[PDB]
Amino acid sequence: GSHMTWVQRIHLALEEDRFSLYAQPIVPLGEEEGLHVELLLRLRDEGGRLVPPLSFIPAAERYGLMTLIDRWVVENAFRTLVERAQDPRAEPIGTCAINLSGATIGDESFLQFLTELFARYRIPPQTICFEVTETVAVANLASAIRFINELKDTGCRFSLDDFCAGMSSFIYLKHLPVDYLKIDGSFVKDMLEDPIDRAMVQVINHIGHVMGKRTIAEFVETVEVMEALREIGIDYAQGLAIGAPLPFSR
Amino acid sequence: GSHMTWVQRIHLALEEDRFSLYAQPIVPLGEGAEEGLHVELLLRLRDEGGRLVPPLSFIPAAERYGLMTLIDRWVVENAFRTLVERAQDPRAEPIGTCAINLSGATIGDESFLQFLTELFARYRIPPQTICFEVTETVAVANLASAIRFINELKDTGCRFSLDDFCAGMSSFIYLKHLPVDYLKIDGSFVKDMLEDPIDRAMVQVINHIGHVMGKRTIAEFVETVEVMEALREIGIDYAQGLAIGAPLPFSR
Ligand SMILES: [Mg+2]
Ligand SMILES: [Mg+2]
């Protein structure tokens, strides 16, 4: 569709509350901190059906609308953490991972928007871990370095997901002080059958060791794969074998 | 200079024997007495007043005017001729692996396989003695073409290497599709690997993925014995550079 069409669609979905956040648990694999989750965005269309990412994110990102979606995500995430904490039965979240678009890392107004949300929701910055794909960070490196350093001065943590998807040099990493490398799911799914996938997981584990970074495996779909990641020394696991995404935003 | 200027210059240098080959030794780092002396041939050009001409003062012009296939053809013929003369000398150290660099132009040239076939017929070098070498950059920039090239040479019995491995803007995915025998790690990583643990890590990682994908590894620019020892411990297969042996005259 057109520019105008996609601006309306994103605006309308925001207006009708058709975006929602789920929280997927991330479990430690070694020897204890609070609950670790990653927030996942869901969009339902006007007739109530799930819209898969590939049916809206590519169009939104072409028109720079992912700034709007990220701003909604962060506000609603913070609000939900606060409202959640007012239920004394809910267990505290120690790490709440939130994905950001490349458009957001290139937006110089974002730091101010975030600073204000921290003040208003009284969130300890250290509890938030912002997450960008390796690909997006590397394609926009000058932006990512400055972005990550500004946010780190705020006190929050940082993650690269889809890590090693481009099987590239990790030299750039000397300039991004991120805390976590989250292994691309493609490598985890087939690491038991395909020795390249296994090797890539060992490599990532090794970068973690050398750079004092912690690692997370995405797409951990069986307990056998979980066990192999544990043996290698991967720090955390996420996916179908660990626990389902749960409603987070009300 | 002009097209005609560079045609003349390259021809004249060929005519006056001002191109020459040197051989730099490449040492095994691991166990096994299999295979004799491993070398890489290096091209040098001297000008009319006897001074070396650095690569960047002639390769770009040759590439620009499509003269590089001709220079490579000279390199390979002269390498073969020298290997034969060396084999006839009972005192000379036998060569098990002679590595010859080729240009991107040559990987795209379908007349090269026929020229090489003819050189094997005439000079009767055992093909398995030859290892052709192209940079990763050049191979990946022309991937389908490199695959065809490497497989045709492989059917001849020759081996293959990618040098300047992991220089610039590269990915390991391509490697699964390039049936080469050796990866030669770029010297950028090796030079500072004792001081910089990122460079060290990158050497270990390359060695790891290379081994898992069926390749033997070579480190270039090994400048001290301590660097050689560190590469040995990691499991790098071969070393090359100042601590191992300087280039020696090869072509008469
Ligand atoms: Mg993520
Ligand atoms: Mg070479």
Side-chain angles (χ1 to χ4, degrees), chain A residues 167-168 195-196 199, chain B residues 21 24 26 35 38-43 59 63 66 68-77 79-80 83 95-121 123 125-186 206-220 236-238 240:
Chain A
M167 301 189 224
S168 212
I196 304 172
Chain B
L21 297 179
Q24 179 164 46
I26 298 174
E35 249 151 41
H38 191 145
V39 296
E40 187 195 356
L41 302 192
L42 299 178
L43 179 64
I59 300 287
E63 282 173 357
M68 276 306 306
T69 56
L70 201 60
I71 290 176
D72 286 349
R73 276 160 103 102
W74 182 90
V75 167
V76 181
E77 175 136 23
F80 275 34
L83 289 170
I95 293 169
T97 312
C98 180
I100 307 176
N101 307 283
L102 303 181
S103 68
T106 291
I107 299 154
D109 181 350
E110 287 210 1
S111 80
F112 183 82
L113 168 71
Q114 184 182 313
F115 158 87
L116 171 69
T117 303
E118 272 165 354
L119 284 188
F120 279 126
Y123 291 103
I125 294 304
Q128 188 73 36
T129 292
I130 309 304
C131 183
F132 291 108
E133 191 163 275
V134 299
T135 67
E136 187 187 21
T137 295
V138 163
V140 166
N142 296 130
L143 185 63
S145 156
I147 293 160
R148 287 188 309 261
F149 193 66
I150 289 150
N151 284 324
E152 261 144 4
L153 269 36
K154 220 77 168 312
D155 293 359
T156 300
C158 303
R159 286 175 284 158
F160 218 104
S161 48
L162 296 180
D163 60 354
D164 289 354
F165 189 76
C166 197
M169 283 266 116
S170 43
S171 167
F172 284 110
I173 195 44
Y174 296 116
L175 195 59
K176 196 195 74 176
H177 292 120
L178 293 165
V180 297
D181 304 288
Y182 302 93
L183 311 178
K184 182 183 294 182
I185 294 161
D186 193 84
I206 296 174
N207 183 64
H208 182 74
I209 299 173
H211 288 160
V212 160
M213 276 191 204
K215 323 304 190 183
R216 285 165 75 69
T217 51
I218 307 168
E220 192 157 23
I236 294 297
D237 294 303
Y238 297 98
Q240 172 182 9

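A note on names: the letters A, B, ... follow the listed sequences, proteins ahead of strands, and every chain is numbered from 1. Both backbone and side-chain heavy atoms feed into the values below; hydrogens, waters and symmetry mates do not.
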Q: Looking only at non-hydrogen atoms, find the nearest pair between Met68(B) and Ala105(B) and report the distance.
A: CB-CB, 4.4 Å

Q) With a 4.5 Å heavy-atom cut-off, do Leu43(B) and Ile71(B) have their side chains touching? A) yes

**Q.** Beyond-backbone contact of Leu83(B) with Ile130(B), side-chain heavy atoms, under 4.5 angstrom
**A.** yes

Q: Could you tell me the separation between the CG atom of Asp164(B) and the CD atom of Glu220(B), rounded to the nearest 0.5 Å?
A: 6.5 Å

Q: Looking only at non-hydrogen atoms, find the nearest pair between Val134(B) and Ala139(B) and report the distance.
A: CG2-CB, 4.1 Å

Q. Hey, are the side chains of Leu21(B) and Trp74(B) touching, using non-hydrogen atoms and a 4.5 Å cut-off?
A. yes

Q) Which is it for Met213(B) and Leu183(B) under the side chain to side chain contact (heavy atoms under 4.5 Å, CB included) test, yes or no, and what are the steps along the way? A) CA-CA 11 Å; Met213(B) 276 191 204; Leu183(B) 311 178; over 6 Å; no

Q. Between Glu136(B) (side chain) and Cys166(B) (backbone), is there a donor-acceptor pair under 3.5 Å?
A. yes

Q | Distance in Å, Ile185(B) CD1 paired with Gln240(B) CD, rounded so as to fall on 0.5 Å steps | A | 11.5 Å

Q: Assign the ring pair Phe160(B) / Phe149(B) to parallel, tilted or perpendicular, where the plane angle (0 to 90°) is split at 30° and 60°.
A: perpendicular

Q.
For a quick test of reading the model, state the closest non-hydrogen atom pair linking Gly157(B) to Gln128(B) and the distance between them.
A. O-OE1, 3.0 Å

Q: Of all the heavy-atom pairs spanning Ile107(B) and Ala146(B), show the shortest one and how long it is.
A: CG2-CA, 3.8 Å

**Q.** Heavy-atom check, side chain of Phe115(B) versus side chain of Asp109(B), under 4.5 Å
**A.** no

Q | Side chains of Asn101(B) and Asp163(B) in contact at under 4.5 Å (non-hydrogen atoms) | A | yes

What donor-acceptor contacts under 3.5 angstrom involve side-chain atoms of residues 168-180 of chain B, with partners at least two apart or in another chain?
{"from": "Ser171(B)", "atom 1": "OG", "to": "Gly166(A)", "atom 2": "O", "distance (Å)": "3.0"}
{"from": "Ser171(B)", "atom 1": "OG", "to": "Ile173(B)", "atom 2": "N", "distance (Å)": "3.1"}

Q | Under 3.5 Å: donor-acceptor pair, side chain of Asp237(B), backbone of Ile218(B) | A | no

Q: Working to the nearest 0.5 Å, report the span between CD of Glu118(B) and CD of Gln114(B).
A: 5.5 Å

Q.
I need the minimum non-hydrogen distance between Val212(B) and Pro195(A), along with the two atoms involved.
A. CG1-O, 3.7 Å

(Q) If you define the side chain from C-beta out and look only at heavy atoms, does anything of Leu116(B) sit under 4.5 Å from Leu153(B)? (A) yes

Q.
By the definition side chain to side chain contact (heavy atoms under 4.5 Å, CB included), identify the one residue from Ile26(B), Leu162(B), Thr135(B), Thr217(B) that meets it with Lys184(B).
A. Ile26(B)

**Q.** Where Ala79(B) and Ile100(B) come nearest, the two heavy atoms and their spacing
**A.** CB-CD1, 3.9 Å

Q | CZ on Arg159(B) to CD1 on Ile150(B), rounded to 0.5 Å | A | 15.0 Å

Q | Straight-line distance of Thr97(B) OG1 to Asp181(B) CG, nearest 0.5 Å | A | 10.0 Å

(Q) Does the plane of the ring in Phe112(B) sit parallel, tilted or perpendicular to the ring in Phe132(B)? Use 30° and 60° as the thresholds. (A) perpendicular

Q: Describe, in one word, how the ring planes of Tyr238(B) and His38(B) are oriented to each other, choosing from parallel (under 30°), tilted (30 to 60°) and perpendicular (over 60°).
A: tilted

Q. Roughly how far apart are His211(B) NE2 and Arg216(B) CZ, rounded to 0.5 Å?
A. 7.0 Å

